[PDB]
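Engineer: Before anything else, here's the structure in question.
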Number of protein chains: 2
Amino acid sequence: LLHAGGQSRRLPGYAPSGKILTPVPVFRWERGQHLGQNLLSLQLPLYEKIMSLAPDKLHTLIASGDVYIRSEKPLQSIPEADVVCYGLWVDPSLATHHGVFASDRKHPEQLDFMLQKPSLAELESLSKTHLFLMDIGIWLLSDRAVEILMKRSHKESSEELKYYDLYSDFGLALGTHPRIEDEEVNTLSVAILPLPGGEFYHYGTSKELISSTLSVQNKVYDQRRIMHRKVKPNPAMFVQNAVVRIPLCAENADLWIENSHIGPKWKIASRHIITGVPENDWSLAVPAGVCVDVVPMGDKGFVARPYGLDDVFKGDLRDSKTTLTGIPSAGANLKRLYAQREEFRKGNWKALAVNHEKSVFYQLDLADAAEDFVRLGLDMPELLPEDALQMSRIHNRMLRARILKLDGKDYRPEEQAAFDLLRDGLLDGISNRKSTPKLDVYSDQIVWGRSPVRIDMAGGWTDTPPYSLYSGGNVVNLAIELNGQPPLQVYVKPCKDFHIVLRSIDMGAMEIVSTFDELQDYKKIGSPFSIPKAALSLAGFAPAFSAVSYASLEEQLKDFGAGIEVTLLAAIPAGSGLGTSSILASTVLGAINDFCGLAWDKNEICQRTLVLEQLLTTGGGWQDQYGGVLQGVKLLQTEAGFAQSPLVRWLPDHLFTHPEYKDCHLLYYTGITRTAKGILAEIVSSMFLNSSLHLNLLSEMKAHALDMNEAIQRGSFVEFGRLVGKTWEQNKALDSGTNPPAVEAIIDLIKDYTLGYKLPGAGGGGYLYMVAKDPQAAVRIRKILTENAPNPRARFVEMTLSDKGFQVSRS
Amino acid sequence: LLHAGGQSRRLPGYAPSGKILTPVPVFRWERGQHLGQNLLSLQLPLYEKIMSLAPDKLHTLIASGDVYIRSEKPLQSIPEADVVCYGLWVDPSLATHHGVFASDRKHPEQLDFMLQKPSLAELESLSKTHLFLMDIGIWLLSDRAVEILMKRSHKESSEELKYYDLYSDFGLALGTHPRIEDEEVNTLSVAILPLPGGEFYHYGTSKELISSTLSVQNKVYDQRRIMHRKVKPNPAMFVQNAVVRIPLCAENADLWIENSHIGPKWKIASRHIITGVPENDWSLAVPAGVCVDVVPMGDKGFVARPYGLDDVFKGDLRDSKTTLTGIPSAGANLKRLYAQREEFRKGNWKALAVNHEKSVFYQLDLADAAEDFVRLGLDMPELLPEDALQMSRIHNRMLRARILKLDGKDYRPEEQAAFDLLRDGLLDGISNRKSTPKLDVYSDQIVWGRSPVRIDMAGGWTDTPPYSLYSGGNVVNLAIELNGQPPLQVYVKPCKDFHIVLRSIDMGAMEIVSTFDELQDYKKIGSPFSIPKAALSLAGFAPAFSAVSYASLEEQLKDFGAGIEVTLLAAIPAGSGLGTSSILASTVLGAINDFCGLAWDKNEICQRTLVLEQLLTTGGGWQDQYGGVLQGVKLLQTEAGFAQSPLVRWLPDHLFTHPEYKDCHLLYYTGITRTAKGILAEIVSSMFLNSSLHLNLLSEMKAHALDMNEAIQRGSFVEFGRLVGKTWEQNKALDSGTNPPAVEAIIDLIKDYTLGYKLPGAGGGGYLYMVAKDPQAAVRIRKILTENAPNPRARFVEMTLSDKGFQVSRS
């Protein structure tokens, strides 16, 4: 049980329920919502609100009085406050609407007076004149003050204050100078945070919520002898027959109205078999500005829950300003009927704008798929509509996949369909794929490339299609160096012997290649020679060569009769969480771009890299490939469809250098291998804008990235460290909760000395870094020096910002 | 002679004039404006538009058809185009309003078709569907195409195209595929730039300009038997007597209406002695939606310019939809009467909100002062109202100063009043002024400070109160170093001998001081020992010391019986245009902050520095004192009242280092001493938001600063150089045009090899720097090596970014 409500005898949206059954569409063009879904949308910051109050007698908090809502974030908290109130500074029109608190300067500490609905020099006498404070009605409390404030303990019982609204009329009641007498009994420490001003007005009549939602009318049942309007608020699942109206009237479900004569602003009451069958309400000279139920004609009555007739009642109803509360399952049946054809008309919307239900939230993915009979082969069909937003096309195909996996049947084929659609989604699409006869080298030379290695301070999986979806992200990361060499360095050379040898080190015997076979493209054997395969995907076709005539390929290209032999080197395993695979591939491509020709750009290097990273079939951790190639920023992932990829600009480091020296940084612990990653990129691509609060948390990762760059763009190194630890929290506790408790033992000690950290990139193995004050940092090096030392060793490794990172072709 | 106009028989704001006499208030709350003042506001980008067309037969361009206006900047030009059209992409409501051009992809090159007022699948058949283009009607032309396009040469004469509007109906006419036949005769090269979408709608009725201006009603003549409204458009200088109305009607001047019965949307015609005297128009059953003049009663006639009556005409006027153009000095008298009491009611507004006329533009400063009898002793009085915006207070005091200087009388006292008010304006105001007994040193030590030297790449005199005014600026500058030492370095020491010796080098014998006398504070003898005087202005008072008891000051403070002896060093004269004075002072204060105590911050160092820079009485070139102390950015001057001063955040340099090496920078020529500056800071502080297009150009200096930081925040070094040369243009050709032609000979050669430059800071002496491609740069060093070498030598000096810049107190 929670907030039951007040009397609130103004709004016609008060069918005899609580506050959960007046369904209203979303701002992103879906009709599956009300306060109840919006109450959930506010409950998520409200269940976020809990921190360090009590054990099980803490709270599960009573909801508000619903000044409307969903502007920016609460907290609105310090963990030693009983109560934190809300402040709002707007034009004094909303002062004249509802009550404003005001006190001494400074006001948001401890209230001294107020004025409910202020007008002129009275409002000026709210000294100081501009210390306004408008609450909206969700407060914390201590473990004590329940027994005084709301439900005051008397000798009879713990009776409420006789104000039925506890919150608003207590703040009206106790908000004056009796607070300076009264709140000193129950732990006087109180702070107040005010609020911004987005979507804050009230729920007076239906036009309030209409103006909030800007527009109306979605099911849409259009029977006949009706009247076309727009402004009128019809929600879902109301069969609208045979009645002529003017707008402002709202009609839910368990309501099949036929042949009436109605005007503006209509409550229409449910819970009953209401037709023009047995209620006998046909010749209905219905007045204006009143609330059904029963009022066939007359002037300005008051009849509540369904009083019964046949026809006789049509006479004494011009007796105005009288009160007859017409009352002393079928509403749940209204809800059940309303939720019956919801997925049906969602399929209709998946026909209508064909993503208006699908790629708007798809939020009820599993319950949409299973319940009730939603056949997502229609989603496969409209996925293959012609071609769409392949976003939306693949979204529908993945809805089909989500059904076929989720119901029972062909999850592997559902995954295959989603995989191929995912590829096809990224198959778009680039210049050219070309034909170019590379030449340069020339013979005697050796081309050696090299590259530093990113980490990502913040701006985490705002990369990785599905992004937001499209669009964009932003990461701002860095691009730094392990002590020397950068590492990740690639050598590539001509030879004599027309078989393209891929040659690796730390693993590599060789890869003798000329077949292609396809080309290259191999997720076939994951000898990371796989990555140079794709490095031959320059295009890697052309006229007019052939399979034997790699002879022609080389031996007109290079011409330099190589069968080129290309020899990489990574220093670190791919269990880094440093994107080393991606960076490595990119670096090879830069070497090719030098190597025999084709003349490209850093950016389009990374473009074509990402392009082949598609067919590399790893989830495109893509932040890195701009990161570790370039220098210490990234920033701005922006467009992400389909997939467009700028993202650039810069930042000073400079507090990673000129160095801080308030440490003067951060540095390394593996003791932990990776798992490696086989669930992580799943949770990424499960899903797109399908699910869930993922998408939510993703969005403020982006926000926190802009937080990051502004922070260190000012140089708040101490706050840089805060935001680092925040990002850690923002992924550890968030997606993805995989960080394996040995990591947490390395966190455990220390956590202390001084400040935060993160795992870069992947998480679940690899290695951290962390910032401290200053040489206590070196004593932390002494700490990890002391213990916690498996043979994955436990080092200072630095990191070492040092960067440009490219190639030589020397000499 | 210019744009006379079209027929345009819709808008009631068409009293028989051109387009200059329907006065409308400004967005910044003054009523002294119309298109004519707004035509000037558009004329300034229009006279900006001229570049490289012709000699004296170039143009002085015909004005537009007035889709309304004053969104963002034109150009909208390449200097080889005949005609550049305007593009606009909005909702197709304004497509249904007025004509849209559309062509192939890409559209903004050479037009192929159009559709005037498009509707549905017709508008979709503007292939490609979203290639819209809405012109607003000011084009260039070649030196040729006058004789074809507008006023086509025939055998009779050079007759116009029979379209009376040349522009709009020619673009309707020639904008189709007949352009692909026709515009190939007259230098076919044409490009098009589209536009943004701020304030673009039309002038259909009065509500259009009302919605544009959002609000109405300023003179305000309120006679009796009238009706209170708001929405009605009454401009200035209309005595409104004895008539009852509904809104939407507009009334100018030479109009003293009494006792009529009028409704909405009224043209009211001038040029005549119109009272209820001799026109005899009293019993006036005036209809709705028609245009005075003459219509006493009736239904929907058409009577133009003043047809004459007595009473008899009141009968055959229900003869609707008839045309009787009532026509086949006193309007200039209306303008003269309207401009008579304008300064009177400006004084009333200078009483009303007391800056609503004053510190809103004060734009007509000299003509406001002189014409006609505006006595600005009222501006002195309301300057001393109590205390105000001392912005507005000092603005009014300076309006008084502007009058007293400008009329004749007491310019020096007017300057004195403005000077004292300027001080008093900056006298506000800081913590504390304190009392602190500094202690630290200790004895044996020597405290040595040091500092690098700013230049300002862009973001020029957006510093320097008056800023915008208040608020703010932004400069982003750098903070760099001459080869070594930083210079500007200060030594300060205890001694034995209780007389505070200021000791300088390159000039300094000594300054033996203990008197104070005041304290310190000396614009008295400009031995730059003056600057250390203010450096003793710590506060520089306290309890409970006295004049002899600097004995107490020192000899309890330090205690260390010094009479402290403080010894600076500048390397460069104050004729640098590098703010060296200000930086120097600040550095001393940092040394004091170390020196004997008081424990401050960089920022509040600079705060208190600026505070004393007030009493230093130089115009506060203030950018520098944050600049050259800190490192290579500044950025964000923001608040500038009263005067608030954050301003911080950062940027990478990084293309001033890791160096470019596409030169890998810029460096020095004096051959020129300064004048020095005695007119420059005048033109700054002449004026505040008084005058002129200064304020305009100032604003886009700020814009160009954000341009700057974004540019090099991405690393567009080539465009960095563009924006440098732009800033040069933006001050040389702009405020202030003082750069003395020897400088321009050093510009002359080179200008060339490759790119631009500026004088930092002051200008009019000192030394530049300039960027080139790369080693052609060194050949420029060879160029200045070759010639142009006075004994103010002609060097490479670098610059040398190298920076933190503070102090030692070693050991």
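Scheme for the structure tokens: letters A, B, ... for chains in order shown; per-chain residue numbers from 1; ligand numbers from 1 in order shown.
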Could you work out which residues of chain B fall inside 9 Å of chain A? Count only C-alpha atoms, and format the result as a ChimeraX atom specification.
Structural biologist: /B:648-654,658,710,712-715,804
Engineer: Suppose we keep N, CA and C atoms; can you now write the selection as a compact mmCIF listing (two decimals), in the first residue's frame?
Structural biologist:
# COMPACT_ATOMS: atom_id res chain seq x y z
N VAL B 648 37.09 31.27 -15.91
CA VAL B 648 38.15 30.32 -16.14
C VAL B 648 37.57 29.16 -16.93
N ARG B 649 38.36 28.67 -17.90
CA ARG B 649 38.64 27.26 -18.18
C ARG B 649 39.59 27.18 -19.35
N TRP B 650 39.90 25.98 -19.81
CA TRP B 650 41.20 25.71 -20.41
C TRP B 650 41.09 25.13 -21.79
N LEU B 651 42.22 24.70 -22.32
CA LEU B 651 42.37 24.42 -23.73
C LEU B 651 43.75 23.85 -24.00
N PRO B 652 43.94 23.05 -25.04
CA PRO B 652 45.25 22.46 -25.31
C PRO B 652 46.11 23.23 -26.29
N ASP B 653 47.40 23.30 -25.98
CA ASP B 653 48.39 23.97 -26.85
C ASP B 653 49.73 23.27 -26.68
N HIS B 654 50.11 22.25 -27.47
CA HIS B 654 49.39 21.45 -28.44
C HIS B 654 48.87 22.17 -29.65
N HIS B 658 53.97 20.32 -28.99
CA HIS B 658 54.25 19.09 -29.72
C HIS B 658 54.61 19.47 -31.16
N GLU B 710 36.77 27.19 -30.15
CA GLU B 710 36.31 25.97 -30.76
C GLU B 710 37.24 25.55 -31.87
N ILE B 712 40.55 25.98 -32.36
CA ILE B 712 41.79 25.33 -32.00
C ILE B 712 41.53 24.26 -30.98
N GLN B 713 40.35 24.23 -30.44
CA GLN B 713 39.89 23.12 -29.68
C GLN B 713 39.67 21.94 -30.56
N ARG B 714 39.51 22.17 -31.84
CA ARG B 714 39.59 21.05 -32.73
C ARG B 714 40.96 20.91 -33.35
N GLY B 715 41.73 21.98 -33.40
CA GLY B 715 43.06 21.88 -33.97
C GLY B 715 43.18 22.40 -35.38
N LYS B 804 54.27 28.07 -15.93
CA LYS B 804 53.27 28.23 -14.88
C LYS B 804 53.26 29.65 -14.33
Engineer: Per DSSP on the backbone, filter range 658-767 of chain B down to the residues in helix (DSSP H, G or I) and report them as a ChimeraX atom specification.
Structural biologist: /B:680-685,693-714,717-732,741-748
Engineer: So that I can check the surroundings of range 37-42 of chain A, please list as JSON, numbers by chain every protein, DNA and RNA residue that reaches within 12 Å of it, counting only C-alpha atoms and ignoring chain neighbours fewer than 6 positions away.
Structural biologist: {"A": [2, 3, 19, 20, 21, 22, 23, 24, 25, 26, 27, 31, 48, 49, 61, 62, 63, 64, 65, 66, 68, 69, 70, 71, 72, 73, 74, 138, 363, 364, 693, 696]}
Engineer: Can you list, as an mmCIF file with N, CA and C atoms, in the first residue's frame, every protein, DNA or RNA residue that comes within 12 Å of residue 545 in chain A when you count only C-alpha atoms, leaving out same-chain residues fewer than 2 positions away?
Structural biologist:
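File produced: around39.cif:
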data_model
loop_
_atom_site.group_PDB
_atom_site.id
_atom_site.type_symbol
_atom_site.label_atom_id
_atom_site.label_comp_id
_atom_site.auth_asym_id
_atom_site.auth_seq_id
_atom_site.Cartn_x
_atom_site.Cartn_y
_atom_site.Cartn_z
ATOM 1 N N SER A 435 39.247 -0.156 -55.668
ATOM 2 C CA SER A 435 39.986 -1.013 -56.577
ATOM 3 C C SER A 435 41.498 -0.783 -56.610
ATOM 4 N N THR A 436 42.090 -0.125 -55.616
ATOM 5 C CA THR A 436 43.307 0.663 -55.847
ATOM 6 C C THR A 436 44.573 -0.174 -55.980
ATOM 7 N N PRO A 437 45.369 0.042 -57.017
ATOM 8 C CA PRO A 437 46.711 -0.549 -57.108
ATOM 9 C C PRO A 437 47.749 0.222 -56.320
ATOM 10 N N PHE A 516 42.257 -16.378 -51.821
ATOM 11 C CA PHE A 516 42.397 -15.577 -50.627
ATOM 12 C C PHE A 516 42.176 -16.291 -49.279
ATOM 13 N N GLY A 540 38.763 -5.585 -50.305
ATOM 14 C CA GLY A 540 40.095 -5.723 -50.896
ATOM 15 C C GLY A 540 40.038 -6.236 -52.312
ATOM 16 N N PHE A 541 38.972 -5.901 -53.028
ATOM 17 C CA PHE A 541 38.850 -6.268 -54.429
ATOM 18 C C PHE A 541 39.039 -5.059 -55.310
ATOM 19 N N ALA A 542 38.833 -5.313 -56.580
ATOM 20 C CA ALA A 542 39.284 -4.546 -57.719
ATOM 21 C C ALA A 542 38.952 -5.302 -58.993
ATOM 22 N N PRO A 543 38.985 -4.616 -60.118
ATOM 23 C CA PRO A 543 39.384 -5.226 -61.380
ATOM 24 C C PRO A 543 40.870 -5.541 -61.411
ATOM 25 N N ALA A 547 42.027 -15.204 -58.357
ATOM 26 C CA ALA A 547 42.524 -15.956 -57.215
ATOM 27 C C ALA A 547 43.979 -16.333 -57.403
ATOM 28 N N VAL A 548 44.309 -16.888 -58.558
ATOM 29 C CA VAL A 548 45.705 -17.097 -58.855
ATOM 30 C C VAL A 548 46.403 -15.763 -59.007
ATOM 31 N N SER A 549 45.684 -14.770 -59.507
ATOM 32 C CA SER A 549 46.296 -13.533 -59.928
ATOM 33 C C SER A 549 46.287 -12.579 -58.751
ATOM 34 N N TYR A 550 46.503 -13.123 -57.577
ATOM 35 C CA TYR A 550 47.140 -12.313 -56.563
ATOM 36 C C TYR A 550 48.545 -12.039 -57.040
ATOM 37 N N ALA A 551 49.097 -12.995 -57.791
ATOM 38 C CA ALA A 551 50.146 -12.735 -58.764
ATOM 39 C C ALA A 551 49.950 -11.409 -59.477
ATOM 40 N N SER A 552 48.770 -11.169 -60.034
ATOM 41 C CA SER A 552 48.531 -9.869 -60.633
ATOM 42 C C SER A 552 48.392 -8.809 -59.571
ATOM 43 N N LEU A 553 47.739 -9.140 -58.464
ATOM 44 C CA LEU A 553 47.482 -8.161 -57.418
ATOM 45 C C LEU A 553 48.765 -7.547 -56.917
ATOM 46 N N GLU A 554 49.602 -8.372 -56.313
ATOM 47 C CA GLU A 554 50.954 -8.006 -55.946
ATOM 48 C C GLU A 554 51.730 -7.560 -57.163
ATOM 49 N N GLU A 555 51.909 -8.432 -58.068
ATOM 50 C CA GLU A 555 52.812 -8.219 -59.129
ATOM 51 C C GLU A 555 52.248 -7.500 -60.263
ATOM 52 N N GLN A 556 51.336 -6.575 -60.012
ATOM 53 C CA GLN A 556 51.365 -5.256 -60.610
ATOM 54 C C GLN A 556 51.278 -4.177 -59.556
ATOM 55 N N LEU A 557 50.669 -4.499 -58.422
ATOM 56 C CA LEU A 557 50.544 -3.545 -57.337
ATOM 57 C C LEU A 557 51.893 -3.142 -56.806
#
Engineer: Any idea what the distance is between CA of residue 81 in chain A and CA of residue 134 in chain A?
Structural biologist: 18.5 Å
Engineer: Taking 5 positions as the minimum chain separation for residues in the same chain, which residues sit within 12 Å of residue 336 in chain B when counting only C-alpha atoms? Answer as a PyMOL selection string.
Structural biologist: chain B and resi 21+237+252-254+329-331+341-342+372
Engineer: What's the 7 Å shell around residue 702 in chain A, counting only C-alpha atoms, without same-chain residues fewer than 2 positions away, as a list in words?
Structural biologist: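 Counting only C-alpha atoms, the residues come to residues 459, 462, 473, 474, 698, 699, 700, 704, 705 and 706 of chain A.
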Engineer: Just the selected residues (N, CA and C atoms), exported as a compact mmCIF listing (two decimals), in the first residue's frame, please.
Structural biologist:
# COMPACT_ATOMS: atom_id res chain seq x y z
N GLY A 459 32.67 8.11 -19.99
CA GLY A 459 32.05 8.05 -21.30
C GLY A 459 32.11 6.65 -21.81
N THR A 462 28.59 4.36 -24.00
CA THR A 462 27.96 5.27 -24.95
C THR A 462 28.50 5.13 -26.35
N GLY A 473 27.14 9.28 -28.84
CA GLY A 473 27.58 8.89 -27.52
C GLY A 473 28.26 10.12 -26.98
N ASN A 474 29.27 9.91 -26.16
CA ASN A 474 30.59 10.52 -26.23
C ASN A 474 31.38 10.02 -25.06
N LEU A 698 22.69 4.71 -19.81
CA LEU A 698 23.41 5.10 -20.99
C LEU A 698 23.33 6.57 -21.26
N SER A 699 22.15 7.14 -21.16
CA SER A 699 22.03 8.55 -21.45
C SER A 699 22.79 9.40 -20.45
N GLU A 700 22.73 9.06 -19.17
CA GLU A 700 23.52 9.94 -18.32
C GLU A 700 24.97 9.54 -18.25
N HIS A 704 27.42 12.37 -18.14
CA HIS A 704 28.56 12.35 -17.25
C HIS A 704 29.84 12.53 -18.02
N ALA A 705 29.82 12.20 -19.29
CA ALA A 705 30.98 12.48 -20.09
C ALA A 705 31.12 13.96 -20.32
N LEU A 706 30.01 14.65 -20.55
CA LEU A 706 30.16 16.09 -20.70
C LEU A 706 30.53 16.73 -19.39
Engineer: Using CA of residue 774 in chain B and CA of residue 754 in chain B as the two end points, give the distance in Å to one decimal.
Structural biologist: 8.4 Å
Engineer: What is the distance between CA of residue 392 in chain B and CA of residue 359 in chain B, in Å to one decimal?
Structural biologist: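 CA of residue 359 in chain B lies 5.6 Å from CA of residue 392 in chain B.
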Engineer: Using only C-alpha atoms, which residues sit within 8 Å of residue 536 in chain A once same-chain residues fewer than 3 positions away are excluded, as JSON, numbers by chain?
Structural biologist: {"A": [519, 520, 532, 533, 539, 540]}
Engineer: Here is a test: counting only C-alpha atoms, which residue of B:537, B:661, B:703, B:445 is nearest to residue 595 in chain B?
Structural biologist: B:445
Engineer: Report the residues of range 232-340 of chain B whose backbone DSSP state falls under strand (DSSP E or B), written as a ChimeraX atom specification.
Structural biologist: /B:240,244,257,261,285,303,324
